[PDB]
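What follows is a single structure, written as structure tokens, with notes after it.
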Amino acid sequence: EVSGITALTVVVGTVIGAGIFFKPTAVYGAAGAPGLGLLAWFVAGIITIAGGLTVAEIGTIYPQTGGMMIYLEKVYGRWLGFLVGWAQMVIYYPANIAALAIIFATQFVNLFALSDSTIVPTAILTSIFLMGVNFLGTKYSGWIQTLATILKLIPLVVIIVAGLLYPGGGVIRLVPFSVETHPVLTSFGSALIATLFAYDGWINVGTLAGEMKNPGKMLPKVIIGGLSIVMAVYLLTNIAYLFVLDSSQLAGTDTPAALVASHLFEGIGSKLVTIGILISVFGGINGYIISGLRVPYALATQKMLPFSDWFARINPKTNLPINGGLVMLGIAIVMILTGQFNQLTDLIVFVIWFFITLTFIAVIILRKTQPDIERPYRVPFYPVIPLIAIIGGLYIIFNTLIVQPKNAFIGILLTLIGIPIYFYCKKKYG
Amino acid sequence: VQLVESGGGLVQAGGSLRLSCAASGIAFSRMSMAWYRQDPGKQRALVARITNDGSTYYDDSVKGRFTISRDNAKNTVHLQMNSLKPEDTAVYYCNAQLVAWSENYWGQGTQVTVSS
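For the record, the sequence lines run as chains A and B. Final position of the first sequence in the authors' numbering is 432; the numbers increase by one with none missing. Final position of the second sequence in the authors' numbering is 119; the numbers increase by one with none missing.
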């Protein structure tokens, strides 16, 4: 059980991260106009709210820990549950770590005016250091998590307050909503994906649904309030960015938040805001490392991965399964060496939203195959909100496939590599 | 989920006590059983842990003297505190945790003190 306000804070903390500080580059480089990027943010938030409600329904139906793995295992089959676990193990969490390490290195270089050639070495060093820190037990990781969660709200609030009162802010800063050079149809998909990365992490509402005290009255209010607060914060931050900088200026830099802070609080305030952004990125990497470490243990304890004994090995000193962390760190380093922030974020969004759309279809199927299950929480408008979430997910998947064949091919190839691993592991019993 | 300890008590320095800890209601074979130390007005500090696969970890201050052993047949864990020393006096708890992020199961806690 958890208090209603406590769940609100949990949702706001998990969803909000370092995407808002860096994704505006992609959003306003694709959209190309101040108004279309804001529309992308709003649409992404609406889709996130609908998906959160839909996922929370099944989370209440199946309160067992694990999340999408458990949901898809129970609805479709064990093979798809393992497929979700494997995709999270080899794409989602490694790519999140790689992308956040790359952006941390980029922001660090910008802050300290170092050469751009040190971005990859930095990213690698910080990823290794954070993984090693997480290997020393949950104490330091929890301390970092709490500190980053507390501190990441300060730069956002400061930027919003300062930019909204910038000398020149006004409705004129949000025009013309479209530039002929960027067609609305093609560019809006890329803008939507870029915004959707900033909303990542909302899938934990389903996991928290089972823990919630009294779903069905607090769960809808909690989810709607938390995701609406996240959407409002993102919209206000983007409005502040547009007040301080133009759409072209935001698209022309890899650190929009740093540039806006430099314009707002010249002197030491810009440096402090940049350090806050770096701390937020650090906390994001740490949280992703923890959540990712939790996955290979779950897969191995069910004898679903090769050398499941090795993966499920528990460290006597810290009582942590380290080997899965090492595998994820290796994959993340490989991604860092041969990847980019925007590309990795797009891949993450593509794979996670494919599986999330599968989860929505699972909710719809459960509403039909097993109408008699005890449902503590029912989605508000069954024929409308799940349909909106599924339409959003399908649009994301198809737009990414059409616009980024290489990224979609990479994700599909990794998952299809996972499949024969599943069959071999079933044959050999771990 | 109970964890009943025993074996602690007053002992002369340099003695040897074994702290049995019978665990019931948990998947003992799958759990990593540990022994913690909580000095007065402090927080529990790990003394020794043994994983489900037999791998063991010992605190630097007890390494070479303490020996943690588990026997899944009777669902008990022992801690042979050989060559006790006066600073070793504290209250020793019996823990049973599946994984670092799982729920921690604690015993009633046993008091062991070294007279000399």
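For every residue, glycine included, the Cβ atom is placed at its ideal position computed from N, Cα and C.
Check the C-beta distance from residue i over to residue j and give it rounded, since I have them as a contact under 8 Å.
i: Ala101(A); j: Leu416(A); result: Actually they are not in contact, since the Cβ atoms of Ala101(A) and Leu416(A) sit about 16 Å apart, beyond 8 Å.
i: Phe352(A); j: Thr402(A); result: 5 Å
i: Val45(A); j: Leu194(A); result: 6 Å
i: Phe23(A); j: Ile279(A); result: 5 Å
i: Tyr60(B); j: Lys319(A); result: 5 Å
i: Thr140(A); j: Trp38(B); result: Wrong, their Cβ atoms sit about 19 Å apart, outside the cutoff.
i: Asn136(A); j: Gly341(A); result: 21 Å between Cβ atoms; not a contact.
i: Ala25(B); j: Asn78(B); result: 6 Å
Name the chain B residues that come within less than 8 Å of residue i, Cβ to Cβ?
i: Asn321(A); result: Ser35, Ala37, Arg52, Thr54, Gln100, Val102, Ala103
i: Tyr299(A); result: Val102
If we define contact as Cβ-Cβ less than 8 Å, is residue i a contact residue for chain B?
i: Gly212(A); result: no
i: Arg175(A); result: no
i: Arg369(A); result: no
i: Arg377(A); result: no
i: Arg380(A); result: no
i: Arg296(A); result: yes
Once the 5 residues before and after residue i are set aside, which same chain residues still bring their CB inside 8 Å of it?
i: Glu213(A); result: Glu3, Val4, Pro65
i: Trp81(A); result: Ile421, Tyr424
i: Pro89(B); result: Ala16, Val117, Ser119
i: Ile338(A); result: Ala100, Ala103, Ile104, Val122, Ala125, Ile126, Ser129
i: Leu158(A); result: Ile18, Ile22, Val235, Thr239
i: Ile281(A); result: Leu149, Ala150, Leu153, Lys154
i: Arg369(A); result: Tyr384
Under 7 Å Cβ-Cβ, which residues of chain A neighbour residue i?
i: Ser58(B); result: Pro318
Given that residue i touches chain B, what residues does it touch there, using C-beta distances under 9 Å?
i: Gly139(A); result: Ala103
i: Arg315(A); result: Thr54, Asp56, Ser58
Just to confirm my understanding: we take residue i, look at its own chain, exclude 5 residues before and 5 after, and list those with CB closer than 7 Å. What are they?
i: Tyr108(B); result: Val4, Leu6, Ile29, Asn98, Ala99, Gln100
i: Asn325(A); result: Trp312, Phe313, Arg315
i: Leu210(A); result: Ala9, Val12
i: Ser264(A); result: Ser272
i: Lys76(A); result: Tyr64
Keeping to the same chain, check which residues put their C-beta closer than 6 Å to that of residue i; ignore five residues upstream and five downstream.
i: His184(A); result: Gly34
i: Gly21(A); result: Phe199, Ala200
i: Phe106(A); result: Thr128, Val283
i: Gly286(A); result: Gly19, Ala20, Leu102
i: residue 438(A); result: Since the displayed chain A opens at 3 and closes at 432, residue 438(A) lies outside it and no answer follows.
i: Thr70(B); result: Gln83
Using a beta-carbon distance below 8 Å, is residue i in contact with chain E?
i: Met214(A); result: Included in the structure are the protein chains A and B, with no chain E among them.
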